[PDB]
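Working notes, structure below.
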Amino acid sequence: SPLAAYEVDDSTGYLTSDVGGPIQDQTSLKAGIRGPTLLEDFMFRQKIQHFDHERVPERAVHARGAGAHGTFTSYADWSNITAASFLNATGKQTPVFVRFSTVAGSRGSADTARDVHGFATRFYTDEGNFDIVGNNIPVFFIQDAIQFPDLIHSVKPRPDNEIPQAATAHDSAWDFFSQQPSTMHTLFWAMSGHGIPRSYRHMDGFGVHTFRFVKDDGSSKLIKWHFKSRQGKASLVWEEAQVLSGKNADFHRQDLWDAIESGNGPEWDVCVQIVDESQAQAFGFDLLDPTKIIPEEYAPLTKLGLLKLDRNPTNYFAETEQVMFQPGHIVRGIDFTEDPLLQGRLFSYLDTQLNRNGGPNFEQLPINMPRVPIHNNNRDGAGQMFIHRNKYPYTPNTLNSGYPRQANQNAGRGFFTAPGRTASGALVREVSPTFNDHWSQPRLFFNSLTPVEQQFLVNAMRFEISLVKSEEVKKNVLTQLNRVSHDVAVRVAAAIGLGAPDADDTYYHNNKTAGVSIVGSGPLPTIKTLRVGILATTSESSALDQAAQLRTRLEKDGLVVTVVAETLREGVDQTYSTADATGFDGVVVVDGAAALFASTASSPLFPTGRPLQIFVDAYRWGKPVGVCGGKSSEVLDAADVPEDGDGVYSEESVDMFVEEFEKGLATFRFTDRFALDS
Amino acid sequence: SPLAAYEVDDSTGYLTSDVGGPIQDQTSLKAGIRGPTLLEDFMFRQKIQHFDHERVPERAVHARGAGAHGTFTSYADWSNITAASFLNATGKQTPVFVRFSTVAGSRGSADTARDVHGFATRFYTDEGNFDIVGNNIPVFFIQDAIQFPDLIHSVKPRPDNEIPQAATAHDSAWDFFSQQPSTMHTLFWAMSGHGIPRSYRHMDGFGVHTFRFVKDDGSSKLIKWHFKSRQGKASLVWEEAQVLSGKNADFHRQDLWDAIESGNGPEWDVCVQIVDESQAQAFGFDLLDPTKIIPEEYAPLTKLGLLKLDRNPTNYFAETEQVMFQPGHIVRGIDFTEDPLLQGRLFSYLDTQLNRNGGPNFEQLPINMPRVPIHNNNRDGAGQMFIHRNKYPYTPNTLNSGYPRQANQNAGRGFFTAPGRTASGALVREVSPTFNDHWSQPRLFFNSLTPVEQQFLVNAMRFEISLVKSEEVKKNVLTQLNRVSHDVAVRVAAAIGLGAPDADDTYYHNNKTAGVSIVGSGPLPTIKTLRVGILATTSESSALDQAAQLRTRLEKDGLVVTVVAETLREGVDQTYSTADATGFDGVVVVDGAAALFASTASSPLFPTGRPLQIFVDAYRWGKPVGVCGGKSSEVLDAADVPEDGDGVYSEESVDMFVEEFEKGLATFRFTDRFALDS
Amino acid sequence: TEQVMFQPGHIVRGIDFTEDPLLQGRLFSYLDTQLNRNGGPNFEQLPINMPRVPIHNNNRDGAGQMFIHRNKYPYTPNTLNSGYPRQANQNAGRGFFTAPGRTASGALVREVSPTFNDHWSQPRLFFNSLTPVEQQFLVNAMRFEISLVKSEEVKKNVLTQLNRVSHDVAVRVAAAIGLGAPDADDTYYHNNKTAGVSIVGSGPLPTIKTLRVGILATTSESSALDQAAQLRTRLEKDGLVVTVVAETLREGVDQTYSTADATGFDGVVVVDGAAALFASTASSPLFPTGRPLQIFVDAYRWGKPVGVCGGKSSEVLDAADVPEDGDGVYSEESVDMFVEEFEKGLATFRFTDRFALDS
Ligand code: HDD
Ligand code: HDD
Ligand SMILES: [Ca+2]
Ligand SMILES: [Ca+2]
Ligand SMILES: [Ca+2]
């Protein structure tokens, strides 16, 4: 913790200026008790000036996000495939910092927007900082970095009025998607449940690009990075995400914070797919193309180590806001590929930190510093924090005895470009013909989802495209969807009253791939941290008694339990007024409370119908719901919830109720409650 | 447009660099067709560098906002009270730019957060730019500018985890409120409907501070600025505001945008209260105190002129984002007072623009430029756009013949300090004792609300304080509330399971004041722009017929009509999937659509129960609802809405339906549907 | 050095400001200007600017933020951080406080105090307090600068102001620029003087340590370099910085004639073994024509102590047109006697009898 050396404690002591002079900061200096404020009030000005300059530009993308500290532990000595020092011994531990994010919204936008999500991991290795700046979706919208402002301008708010915030549901985005068909693969992922994850802990991370692992002998293999969640994969449903955006814009950052504080810090297996250089085009697409995945059937995952997040930042601004990641932060044993999206990224991340930091010495901020000595001839610049002793900062020199020395493949453990890499041909601004198949892999992805997942994706597209005003853009969108799947274009067209174009089967096929479905990936492996809302009443002393007994039983198994009542008191966490179904992964009514759910309910302490609305919403959104007490039928009738439904629980016995209700939590969503196209 | 001279047209022509060289920007230059990108690719780098640097720091407060162009027109020659040139002739027109905003949220946060709102107006006068940087609430939280960072730190997200976004519902804010009693007045306004306005058009603006009008003879009078909405006052209900925050984060900016495009540009009467210098302490409080209003019974409003917003910006960034308001932008005829809040603001706004603009020449941005010539000896600085001819930029000079000439009270129409102003006494960092009554005016305000408005305010406080984790903070909050009103403290305490402290009647009184109530300000004066959702179906050709007839008669009265059905087609604006009750001011079901409202209604095209939920939500939130066509009983029964309810409409005849329904839209909210504490 | 950011706003308990209107505005400027230099608000965190005591305040964020603040309730007043940091003032925490006797009275004005209006008496006090040669130098600095002003009207306006200080100054300055001085205006003329403002009159320097002595020698003569080495040891003993100069470097020789100039020395000594370099027909590809003699002559003309060490002085001094009996001109055979006299000269520092006076 270079973070702990820079920590500042203010738990005792008298207020000082920034130069250590004790002062006051509550009243301005004035000429007389009702007089004007004086220019000589240095206390006033130092304080306001600091306030007035507190903000810094938000990131150009991924502005909305949150971070945590942890550790990476290697499972083996990986010398045989990479020279990377953080992977060179069983059990070797490296500190990490991770930031998760959306792409499109500004700071302050809602966590539960539909979007691609960032998953950026810094490894503070003993041979330098290494960053993997990935996303929760393994493919990207575009095939060349020069198009990135085009993609981003199209998805961000229309620039006359700056509407809409954090959403692709507008003409410009679908105009771009429909004119730039490379977008189809990422679009399909973003329109699935991968666009609205349950939490940062319930998504995967991917490096997206093919990279190289380079051995000390100089041989190389091609790799893709996969961070596979140990919490399982899980999504919201859209109608739930929308309400969550309003009720709790901070949902994902709160979830992450709380999991870490409770001792449930999330984990991922850090994995690679590893293939030979000769396989760059063996799989029916080009490994230089970031719109393509390698099916796991062609290349299995190898598990390199464990990533665990287990500590929250001390100061959000200083750590999370100021962390400045770069794919250029590379270490010996890793190399780039000629992926034209990766290639341009290298430029952008060094440049953009000048905007954020306002000066060139951004690598000296505590969160950006390495954990090894720095020896170089970089000097001066605004905000220079070091006092360099070497007064001959040039190479070659004799007056500093030739130091710092050059590092390279054979000296000082230098980074070196993989020596088998070559280039040949004309200097061109031309797209490789090997990149031209934009529709096959979207179809592979779509084929690999379950029927209800396919319906959710169609429904997401129906939602967004129905909000596009241009009839031409809508037609063009159907044209592109039709090339992936005639069925998708037909079902989407039905919602927007246009006809789909005739089937064009060039890229149609029936193939599937493992591991891309959320709903298909079986029950969650753990239910720790999941949220249960127990709906109770201060009316009946039996209701708070039953709530307390359920609480014990659920908290035993690591669930986070919230007892809801009309008013706060001992045992009650939340009022009906502040409660919502978006707040819980499952809801239980204690039978003691059945009168609150009648249609003539009414209280000055919460909005009309709130108790029942929580229960109904939770049911309609596919959550496990139940009534505990043995007079269940009255609440279930008021809800129009069938007692015999999957994921509906009714028991008098607390112990039997809990046992089945917990199986429901693992199932997580009951997908039989959602209507499917015929 | 004033700013037409700076417009750039890209409706034709070939892509160029910033220096006019024709280029391409879709493919990177590579060493071979699958090769690495080249450093000599200047096309790539100039485009990506611009992208990398697009963002600028958000405003330190009022980051989330929106703007429009307009005109101010004077109603008279106001020479007899002020020298101000924009007020010197009946009918005199001056261009304006207004930005509206929330206070606490970052720039992507929801418009319908509970907050104080900004209302900042620039008058581009023939004697310089004059800015009135106001709020929609006439009193401010604190009495000294030096305390602003304390207020804002406490209300903004907790700095460890940056939670929660755009909300005072957390411990730090209520800690500050309870330890700093000056906050009570603004707190009561923010917890009333004024904290969740229906639109920027349905709120007032206030300068907050006492200022001075100064005549050409040097005599002065004390003024408060009031911008009084011609659209009337209106608020959301909290439970509505919360869902709206998710469903449409852009609600207020969209409402303003749309009103201007439809030729319904909003208007305010720009008014002043005018009192003599001798009345600074005549009204039982100190006019230098920004936590106090002057009750209209003691000083009436004088209408000075009309503010009309009628033109949307061309580019949001360039106009809205870059507008840099200053209370320091003052003109001859106006002066400051020794209000210690105002005094410190004068420093802050000049300083903070350096952060935003990144250099000192921010007054040269098109939106910030004046509409008259500039003559001064300000020179150089980053981003200097002028080429100054005068090569002797010093005073006094002979080598530029003594130009520019000094302007003052007697020459060149210079600004001048009101010459009757004086100071006397010790140089002190002390609060005037005349500022010490923090509680009477909060009580005056509370007393001037209707019973249901009082309930809504109590309920806002119950909501927020129930989320405060510290029992000590909650206790301290009740202590302060109790000094305003024992009844308030009792009613709030009931939701959080504490007892309120014994009554302390030092500041209790029964006085009321006119015009601070929303509910009490009679029906809206116009219903133009209000939104009616018509819930129809494609399953019956008669329903769409009914909807079309309803649309014709409602549009004739300038309402914005959305017809909602399962799918889009001619006549249908929105699908049930995208529709929500938060999108309408009133909801009509056409009786041809009754089958969608049954509890077994289901479709793959929208979430279960969505048609009925829209109707139920609208009813519960106090909106006029109805069924048109004659067969009303299944819809009203399914919704549990009584046919004889106020603001419930049931007529066979479209004519009669609309005549009654329109009375309901003017009534706006039916307050009898909300329960009151006994 | 480049990053140090000073401010008169950096004040401590026991010091306070006055209502000097120049000082009052400075307090604003120095806080504001560091934003320009540093490009962000955390300039007090640069090592040179940090205090040597703990910092406890609620300043947060900003570009370049180096601290990680633990207090997550950075507002006052608070209970959630127990009311810390506490307010410091006259009576608690050794706070800064404004001197309590200070007051203000009267109108809010943009007017100059009439008490500020005598612009000329003190300039005259200062001028009166200089020695005659110092007065001449001041006049000569004005004649130099004003003679480069192209505007005839500006020049007249200058003599109008100077004349209000001293008619004599305006006359002597006017003579160089071909204008007539305006007639005497004696409102602010006086004969008063004040101690300690004169440089020339502040006696010999109190130390000559660090002053620079150039020894002009030659590689022609093994004698010349021996004399230079003996001089060097004797001068270095008294903490002077000695530079031996010759045609080319070698052991004992610090600088070539090519790089040397009289501006590099406070005193110049020629060793008499080097006399041949000082002739008018001296010439070498290793230095500009006349360079050795020019160093000596420049040093003499600029008022420095000069001398010849070894016993044979008259060829050098005649080549240079320097009278052997001049004040601050030294001739001795003995190194010890040479240095004893020469060091008196270094303490005198400048021999002002070598500069002409008006009238
Ligand atoms: C040519 C520009 C460009 C391209 C093609 C990309 N990005 Fe990027 N990205 C940026 C330019 C950039 C940036 C403007 O440089 C950002 C904003 C702030 C920063 O540090 O870098 C950024 C931020 C950024 C962040 C946030 C890091 C954080 O939390 O601070 C993530 C996770 C990604 N990007 C991930 C990706 C992935 C997985 C991409 C494709 C595979 C990708 N970006 C393509
Ligand atoms: C001492 C500091 C301070 C104090 C006491 C206040 N403000 Fe302020 N205000 C600022 C410091 C500031 C600022 C940091 O200087 C901002 C942020 C951006 C800007 O241009 O100025 C600002 C912005 C800002 C804006 C946004 C203008 C726009 O849309 O760009 C409004 C409407 C206000 N303020 C209104 C007020 C009112 C009505 C106040 C009390 C009566 C008030 N402020 C007190
Ligand atoms: Ca658009
Ligand atoms: Ca800058
Ligand atoms: Ca808090």
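Chain letters run A, B, ... following the sequence lines, proteins first and then strands; every chain starts at 1.
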Can you say whether B:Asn355 sits under 4.5 Å from chain C via the side chain, the backbone, both, or neither, judging by heavy atoms? neither
Determine whether more than 12 heavy atoms belonging to other residues, nucleotides or ligands lie under 6.0 Å from atom CG of C:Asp183. no
Check whether B:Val428 gets within reach of chain C through its side chain, its backbone, both or neither, counting any heavy atom under 4.5 Å. neither
If you count heavy-atom pairs under 4.5 Å with chain C, which of B:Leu427, B:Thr422, B:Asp175, B:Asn161 comes out on top? B:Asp175
Under 4.5 Å heavy-atom distance to chain C, tell me which part of B:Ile152 shows up: side chain, backbone, both or neither. neither
Honestly, the part of B:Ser172 sitting under 4.5 Å from a heavy atom of chain C is both
Does any heavy atom of chain B fall under 4.5 Å from the side chain of C:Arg70, the backbone, both, or neither of them? neither
Quick check: do B:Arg158 and C:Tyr73 have side-chain heavy atoms less than 4.5 Å from each other? yes
Checked C:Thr98, C:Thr76, C:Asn89 vs chain B; the most non-hydrogen pairs under 4.5 Å come from C:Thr76
C:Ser151 versus chain B, heavy atoms under 4.5 Å apart: side chain, backbone, both or neither? side chain
Roughly how far, to the nearest 0.5 Å, is the CG atom of B:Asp160 from the CG atom of C:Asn71? 10.5 Å
Quick check: do B:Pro149 and C:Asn58 have side-chain heavy atoms less than 4.5 Å from each other? no
Honestly, the part of B:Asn476 sitting under 4.5 Å from a heavy atom of chain C is side chain
Proximal component of B:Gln409, with respect to chain C [non-hydrogen, under 4.5 Å]: neither
Would you mind checking which part of C:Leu80 comes under 4.5 Å of any heavy atom in chain B, side chain (CB onward), backbone (N, CA, C, O), both or neither? both
Can you tell which of C:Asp32, C:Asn59, C:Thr79 has the highest number of heavy-atom pairs within less than 4.5 Å of chain B? C:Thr79
Side chain, backbone, both or neither: which part of B:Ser424 has a heavy atom under 4.5 Å from chain C? both
Are any non-hydrogen side-chain atoms of C:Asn78 and B:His153 less than 4.5 angstrom apart? no
Does atom CZ of C:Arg102 have more than 12 heavy-atom neighbours from other groups under 6.0 Å away? yes
